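**Student:** take these chains first, placed just as they are in the complex:
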Amino acid sequence: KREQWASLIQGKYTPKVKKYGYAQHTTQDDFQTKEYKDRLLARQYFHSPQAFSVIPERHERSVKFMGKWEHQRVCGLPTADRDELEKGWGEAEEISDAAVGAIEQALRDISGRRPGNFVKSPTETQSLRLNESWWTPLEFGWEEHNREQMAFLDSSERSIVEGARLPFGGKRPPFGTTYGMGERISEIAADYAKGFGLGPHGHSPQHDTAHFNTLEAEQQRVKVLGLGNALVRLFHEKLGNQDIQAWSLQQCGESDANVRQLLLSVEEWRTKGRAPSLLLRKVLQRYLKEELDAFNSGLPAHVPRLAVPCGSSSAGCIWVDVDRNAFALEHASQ
Amino acid sequence: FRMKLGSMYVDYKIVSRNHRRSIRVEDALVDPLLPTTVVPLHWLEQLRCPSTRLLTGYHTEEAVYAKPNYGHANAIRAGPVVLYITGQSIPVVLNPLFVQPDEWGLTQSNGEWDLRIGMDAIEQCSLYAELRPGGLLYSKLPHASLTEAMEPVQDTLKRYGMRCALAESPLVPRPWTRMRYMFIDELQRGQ
Amino acid sequence: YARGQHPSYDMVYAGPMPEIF
Amino acid sequence: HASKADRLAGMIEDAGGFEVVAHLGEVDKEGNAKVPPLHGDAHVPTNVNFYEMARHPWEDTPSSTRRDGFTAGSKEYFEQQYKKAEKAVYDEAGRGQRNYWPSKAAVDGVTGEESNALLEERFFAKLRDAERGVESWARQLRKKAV
Amino acid sequence: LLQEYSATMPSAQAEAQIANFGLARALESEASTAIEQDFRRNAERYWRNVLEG
Amino acid sequence: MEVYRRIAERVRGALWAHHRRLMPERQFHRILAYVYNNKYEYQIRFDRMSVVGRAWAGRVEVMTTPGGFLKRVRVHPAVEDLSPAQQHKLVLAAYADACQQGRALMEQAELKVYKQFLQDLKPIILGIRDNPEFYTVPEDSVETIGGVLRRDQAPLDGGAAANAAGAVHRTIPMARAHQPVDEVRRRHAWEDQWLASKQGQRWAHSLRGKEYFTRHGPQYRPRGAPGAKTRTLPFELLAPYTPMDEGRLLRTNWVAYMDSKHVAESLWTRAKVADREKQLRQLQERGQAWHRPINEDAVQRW
Amino acid sequence: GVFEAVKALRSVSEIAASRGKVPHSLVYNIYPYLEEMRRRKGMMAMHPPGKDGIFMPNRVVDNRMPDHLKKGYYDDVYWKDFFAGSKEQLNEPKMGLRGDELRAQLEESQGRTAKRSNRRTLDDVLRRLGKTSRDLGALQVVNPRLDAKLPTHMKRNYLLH
């Protein structure tokens, strides 16, 4: 025990997997005293005496005495006496009301609606990957992946996959033509891209009566709203031409904060819409103050008043949550 | 097989052959000192069931002489009477002795009929493994040496040939690779 | 079982006798 | 009664039948109730925790999620090799600070005691020393076939 | 809180001393005509000294 | 059983919807089966017990297992004098008391099964809300193909506020990752302070301390005794970070992975449909929702 | 005739459902069902009291943390730097990776070569030395085929580390 472990093979580095239930690795001793162990050694011995001998002789079955059906009388691991099985058991540790009252409070949380599930985000409908031989040649992200490459990265470092060079030209083949080759792809594609969960109207996406996305209404809805934020629209106006890597340095002194902690928050907030960090919330405050009271000057009384998250104040976001990729393509122009 | 005071006490159910009649017992001792288990004659009528297979309640009904461990036609032997033990699935079928509560006297304590299962039954259930050295039953077995009476199973098996523990030596392949695979045709590859 | 109140088990509730070995 | 209406006649008949208890419900005129009754002893059970009855066999946690295990030792040795490789890449000059840009020979250079030498010198050798004594018709024949 | 403010803030501000000042001197390198004139004339020369240096 | 099939129904759906992970089909089948034996355990230790009932003064008494198998029928001689139906209307009366008490007991012992079962899922349930990625848009906000639309504004007929908020709670420390094991060990270490201190010494030597280590000295069970022979540490399960079974499926064959997916998705929808059916009844009871649909564009115009 | 004599044939199953009657052979599949009703007595048939089994959403919960705290969030429990390059778990994918891995990404993305300007990139330089991409190890540039000042290469990648 004292000395160090080591691998007998050279360069073995990944742990070998052992599974539950494998008797090689079971330590469950619930009614395994010394007596049961020796009583267990009993049945084990008179069946396989060669298993114990340091040098095992060839193991074979001899005639059994009590009768040919002597497995009836000897088979199975030895038994623990019955009363101990019933009363010899510790008391169950008392699970009070709150231990439940919090769990049932912890279970009702997971029943909320996660946005990516009803109308699956495009990033995850074409992110399908199979180890099958046919799947990869028809590289499936080709359409959306090209867009993400194009406008979210510089022209130098983006790999663009062309459509024509793809197997089928990259679009669904005509139905009755290709021996079922193409039909299974879109089918498989749809089988991974079909939604689930209670949508806005109040039914499953596959409900018999309630049909959303009638004539691209939700598509025309986002197309006119625009996945953006007044708070971003003000800031990115005020930043102007300068790069944040230059702007940020000005904003945070030698001992104010880690610019990395700040400048990172700007990157996932300027683009890839999320809530701005509490650090970023404060940094934006001194910076944006003069913009807001110019913005919020002519507002009537009852309207909400734009202000950073920290006399009715409410941030400039009309979107509860935008996906990290659609905010990008919108704000890839800014 | 609940053990009490180091004595193998068992619960069981003694049943007629046709299972129409049956008696329950609370705690009976396991007594390899006995050649055949013995029950109260008071039961013989109460376990008797006429059948088209055995018109008389039992196959054999005879009265004989027997009284070991009790304290001519002394006690009645009858069979076959099946005996359902609780912990052991298979039932042992016995030809016990039906005796009055005096001849092989029974009501010793305040109503305790002193039931003790003989070698007749233990030879035909999972209690037979108790007979093996190391088992709960080895001590009472009729070796009179009084040493080799309580020596551990190792001291018996090291005498018998258990040099090292199971699968310790690397000449014996570890037994838990005996079946690396179970060939359920439906679960894998289909039928 | 003699009074017919006992849950029966006919041969009719038998599935296939499967090849285990 | 919607269910047990019928079988009750049979249920009583076999459960032991009507045993008649003289003066069972009788109350003595002084106030006593003769024949002290059978008493209800049933109590909420306190020793039943099937979770502590079947645990994750080696790390006994009363769970039910089947999570596979990395064999002890082969996990620790695995971890101990990671830190020794972790120690190489991210903290090269011993300064301890995470060097995010590592050296090539530090990126690709192998762990110091990755290639076990102790196992050779402390075990393999000690076997070979005893191996030197094997019979001459054997040691050659061993060397021959191998 | 306060017992931790005096505790971790100087150790947190410590990395800011290096993390803020680090990127800071990178900017002055860009606008510096020294490096700037070097990159335009012959980047290969500009890429040689940095590689060996 | 049934109610546990409804909790384990969502936990198999949640484990996919919130984190695109598959609970292996067998593990899901254990949680039900692991509970069924638990009630099967409770059912055994009952059968030693017995309950009594009384319909007349005491003239009838039935002793019965908590399940319902009447063990003993104790009858006054007078009751037999009665007509058969009056015998029947008495036995079946006391037997009702026998199953009444046989109910309340197995009703409380049932809760223990329920609570012990939630302890089983606390590794999993709390594990899928112990993650930085557990964003839930409000239960009232309109979804939309480009992302979830506004909060539906909390209509704001309030004025002061009286309805103006979205209570976006957090459930996790922002800075230091505090796993359950981190606490339980501190707990396990916290007792160490007590055991070493003279105060604990005086308490551990007290009769009260001795019953403590009786239950909570699991590190000192004699080898071979039923229970956990070491310090028992509860699971950490970061479900978005611990590959459950789906990695195996996509390795082997898609057709099972898409299938095992659609199993998880519907099981999630079915849960939410039930999660709607509750409000489908709730709002009707508060008088705020009609029996017949009155808001047609909300199910059609979308 | 005979082929018609077979086409006319109706199966036992076809007969069964037609006559609205379960066939004798297909009733073992009901036996397991009858087993639960038989073994439901007592505990198994008594539901959890007071517990519905269906729980509604009762809060609006979200634990989405900022990126900076997310970096070293799991320092102790796990192997340092959790969110290494996970685009799906992290908002910023390239955050925190070591010098080669980020290079590896653009080395596997690898926009192929083209004709260059006289400000030829290090990609041109590293090739004329046989040091193609991994061999500017200490150097801070992450995208070798880009024409910008070395600080511009470094200032753009100061967040990522």
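**Tutor:** Thanks, I have the structure now. Residues are numbered from 1 along each chain as shown, chains lettered A, B, ... in the order given.
**Student:** so residue B:129 sits right up against residue A:71, yeah?
**Tutor:** No: Residue B:129 lies out of contact with residue A:71 (Cβ atoms under 8 Å); the separation is 11.3 Å. The way it works is simple: take the backbone N, C-alpha and C, and place the C-beta from them, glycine included.
**Student:** how about the contacts made by residue A:132?
**Tutor:** Listed by Cβ atoms under 8 Å, 6 or more residues apart in numbering or on different chains, the contact partners of residue A:132 are residue F:254.
**Student:** where's it relative to residue A:190, distance?
**Tutor:** Applying Cβ to Cβ, to the nearest Å, the value for residue A:132 to residue A:190 is 17 Å.
**Student:** ok, now residue G:43?
**Tutor:** With distances taken as Cβ to Cβ, residue G:43 is found 46 Å from residue A:190.
**Student:** more neighbours: these two, which one.
**Tutor:** residue G:43 (22 against 10; other Cβ atoms under 10 Å in any protein chain shown).
**Student:** quick check: the residue of chain F nearest chain C.
**Tutor:** The nearest approach of chain F to chain C comes at residue F:69, 13.3 Å away (Cβ to the nearest Cβ).
**Student:** assumed residue C:12 was part of a helix.
**Tutor:** Yes: with DSSP: H, G, I helix; E, B strand; the rest coil as the criterion, residue C:12 is located in a helix.
**Student:** what's the local residue count around it?
**Tutor:** 12.
**Student:** over to residue D:70?
**Tutor:** Residue D:70: 15 neighbours (other Cβ under 10 Å).
**Student:** quick one, what contacts it?
**Tutor:** Each residue near residue D:70 by Cβ under 8 Å, 6+ apart is listed here: A:15-18, D:78.
**Student:** that one and chain E: what is the separation?
**Tutor:** Residue D:70 sits at a distance of 35 Å from chain E (criterion: Cβ to the nearest Cβ, to the nearest Å).
**Student:** then residue F:162?
**Tutor:** Distance from residue F:162 to chain E, by Cβ to the nearest Cβ: 33 Å.
**Student:** and that residue, how many residues sit next to it?
**Tutor:** 9.
**Student:** re the thing from before, just checking, which of the contacts of residue D:70 belong to helices?
**Tutor:** Secondary structure defined by DSSP state H assigns residue D:78 of those to helices.
**Student:** also, this goes in as chain H:
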Amino acid sequence: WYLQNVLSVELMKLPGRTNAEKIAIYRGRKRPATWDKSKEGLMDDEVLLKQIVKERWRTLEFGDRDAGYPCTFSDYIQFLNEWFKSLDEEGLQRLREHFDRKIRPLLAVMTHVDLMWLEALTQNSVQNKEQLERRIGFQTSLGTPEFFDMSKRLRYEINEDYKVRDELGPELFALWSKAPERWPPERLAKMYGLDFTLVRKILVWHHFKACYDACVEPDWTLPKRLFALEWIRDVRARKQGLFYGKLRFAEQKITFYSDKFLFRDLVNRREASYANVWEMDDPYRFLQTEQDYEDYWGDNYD
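**Tutor:** Chain H, in position alongside the others:
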């Protein structure tokens, strides 16, 4: 050779693990932040270990000692003829199972195309290996080069939910091994959500693997006491027919039971009573009359 290239584990050497290779895996699978690995790289070091043995097997070719040919076909089959006749009867179990674990699922899927390719294994030219390959050259140009291999033909199967690779270790074995009567199959039947007669099929293999894992002799009459209802019928079904064998669908009766025929069988069950639980799950509940007892026990002469 076998000891030199298969059993000499120290002689095996894995592809070198650089610091970049190590940190990758420890951040890849032990800490699988990125959950899945479904690719072909020099990683995971475990398939490679079995691969290294495999690739060493493929390189092996039976031939002379005049050259680098490691072993002669005569000497090879001599080794097997030597060791096969040295096989312990239990070793035959491991062999006979190995012949079916691997070879039988191969020889079943075999056509005329593979005949030339089979001989390449034993390096034993038999009739014609040059002219025949051109015949295979015909089918192989009109056949995917991936599928026509013998190694790949079984890459997929059904029911990945319960796999044999995990169900080797019997579940709950620590519990039901102590007192098997305490665990009738109805307790662990829920552990497997498969078809019933199937769940009770696999439950046998669980018992038999359990016993061998503990070296104890397995209960050879468990399946008969497990498939009691199955067994009691065929014993009758045999004693009515003139055929010896098991019962297929054909010889089963053609009765058309009514839609409500078992109603009396139901209200019996739906209103059963059992004093102790074991009575409810007893293995001989099927046995009512002597006509049953004679058949059920007609197997064990004892």
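**Student:** and the neighbour count of residue D:70, now that chain H is in?
**Tutor:** 17.
**Student:** what do you get for the one 4 residues further on?
**Tutor:** Using other Cβ under 10 Å, residue D:74 has 18 neighbouring residues.
**Student:** show me where chain B has its helices.
**Tutor:** Ranges of helices in chain B, per DSSP H, are B:119-122, B:128-131, B:153-160.
**Student:** so does the second one get close to chain H?
**Tutor:** No: on the criterion Cβ under 8 Å from any Cβ of the partner chain, helix B:128-131 is out of touch with chain H, staying 9.7 Å away.
**Student:** would that helix count as contacting chain A?
**Tutor:** Yes: Helix B:128-131 reaches chain A (Cβ under 8 Å from any Cβ) through B:128-129.
**Student:** now swap in the first one and tell me
**Tutor:** No: contact between helix B:119-122 and chain A is absent, the nearest approach being 9.0 Å (criterion: Cβ under 8 Å from any Cβ).
**Student:** on that earlier part again, between the helices of chain B, which one is closest to residue F:59.
**Tutor:** helix B:119-122 (45.0 Å; Cβ to Cβ).
**Student:** wait, is residue F:95 part of a strand?
**Tutor:** No: using three-state DSSP, the assignment for residue F:95 is helix, not a strand.
**Student:** ok, it - contacts?
**Tutor:** D:4, D:8, F:53, F:62, F:64, F:70.
**Student:** could you pull up the contacting residues of the fifth one?
**Tutor:** With contacts defined as Cβ under 8 Å, 6+ apart, the neighbours of residue F:64 are F:50-53, F:70-72, F:95, F:98-99, F:102.
**Student:** would you tell me what helix or strand the closest residue to it other than its chain neighbours is located in?
**Tutor:** Leaving out its chain neighbours, the residue that sits closest to residue F:64 by Cβ to Cβ, 6 or more residues apart in numbering or on different chains is residue F:98, at 4.1 Å. Using DSSP states H and E, residue F:98 sits within helix F:84-125.
**Student:** I'd like the next helix or strand past that helix.
**Tutor:** Sequence-wise, the next helix or strand downstream of helix F:84-125 (DSSP H and E) is strand F:147-148.
**Student:** what helices and strands are in contact with the following helix or strand past that next one?
**Tutor:** Per DSSP H and E, the first helix or strand lying C-terminal to strand F:147-148 is strand F:168-169. Applying 3 or more Cβ pairs under 8 Å, 6 or more residues apart in numbering or on different chains; DSSP states H and E, we find strand F:168-169 packed against strand G:60-61.
**Student:** here's chain I, add it to the model above:
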Amino acid sequence: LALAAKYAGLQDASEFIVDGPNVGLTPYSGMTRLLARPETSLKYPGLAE
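**Tutor:** Below is chain I, added to the chains above:
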């Protein structure tokens, strides 16, 4: 009988007359639980009585 069935289909002519007092007997409907339930009282003040 009408409403205790888990699926209760009401047609137009369906009228539930709970009248027991005119016959002098306390109204034996078995339905009163659907009446005494608070939803009946909270929606319609006093309808149940």
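**Student:** in light of the added chain I, please revisit the contacts of residue F:64.
**Tutor:** Residues near residue F:64 by Cβ under 8 Å, 6+ apart: F:50-53, F:70-72, F:95, F:98-99, F:102.
**Student:** over to residue A:133?
**Tutor:** residue H:146.
**Student:** mind checking the SS state of it?
**Tutor:** Here residue A:133 is coil, with the state taken from three-state DSSP.
**Student:** that one and chain D: what is the separation?
**Tutor:** Applying Cβ to the nearest Cβ, the value for residue A:133 to chain D is 28 Å.
**Student:** between the contacts of residue F:64, which is closest to chain E?
**Tutor:** The closest of the contacts of residue F:64 to chain E turns out to be residue F:102 (Cβ to the nearest Cβ; 56.3 Å).
**Student:** and the closest one, how many neighbours does it have?
**Tutor:** Number of residues near residue F:102 (other Cβ under 10 Å) recorded here: 27.
**Student:** is there proximity between the helix ranked longest in chain E and chain F?
**Tutor:** Once chain E is assigned using DSSP H, the helix that runs over the most residues is helix E:2-31. No: figure legend: helix E:2-31 not in contact with chain F (Cβ under 8 Å from any Cβ); closest approach 9.8 Å.
**Student:** spell out whether that helix and chain D are in contact.
**Tutor:** No: judged by Cβ under 8 Å from any Cβ, helix E:2-31 and chain D are separated, with a smallest distance of 9.5 Å.
**Student:** next structured bit after that helix?
**Tutor:** helix E:33-41.
**Student:** next, the angle from that following helix to helix E:2-31.
**Tutor:** Interaxial angle, helix E:33-41 versus helix E:2-31 (axes from the mean of the first three to the mean of the last three Cα atoms, to 10 degrees): 50 degrees.
**Student:** can you list contacts of helix E:33-41?
**Tutor:** So helix E:33-41 is in contact with E:29-30, E:45-46, G:119, G:148-151, going by Cβ under 8 Å, 6+ apart.
**Student:** repeat for stretch H:290-302
**Tutor:** A:67-69, A:72, B:17-19, B:51, B:53, B:124, H:221, H:224, H:228, H:231-232, H:235-236, H:239, H:284, H:286-287.
**Student:** for stretch A:21-37, same thing?
**Tutor:** A:18-19, A:40, A:78, A:80, A:84-85, A:88, B:136, B:174, B:176, D:53-55, D:57-58, D:60, D:69, D:71, F:223-227, F:229, H:168-171, H:173-175, H:178, H:210, H:213-214.
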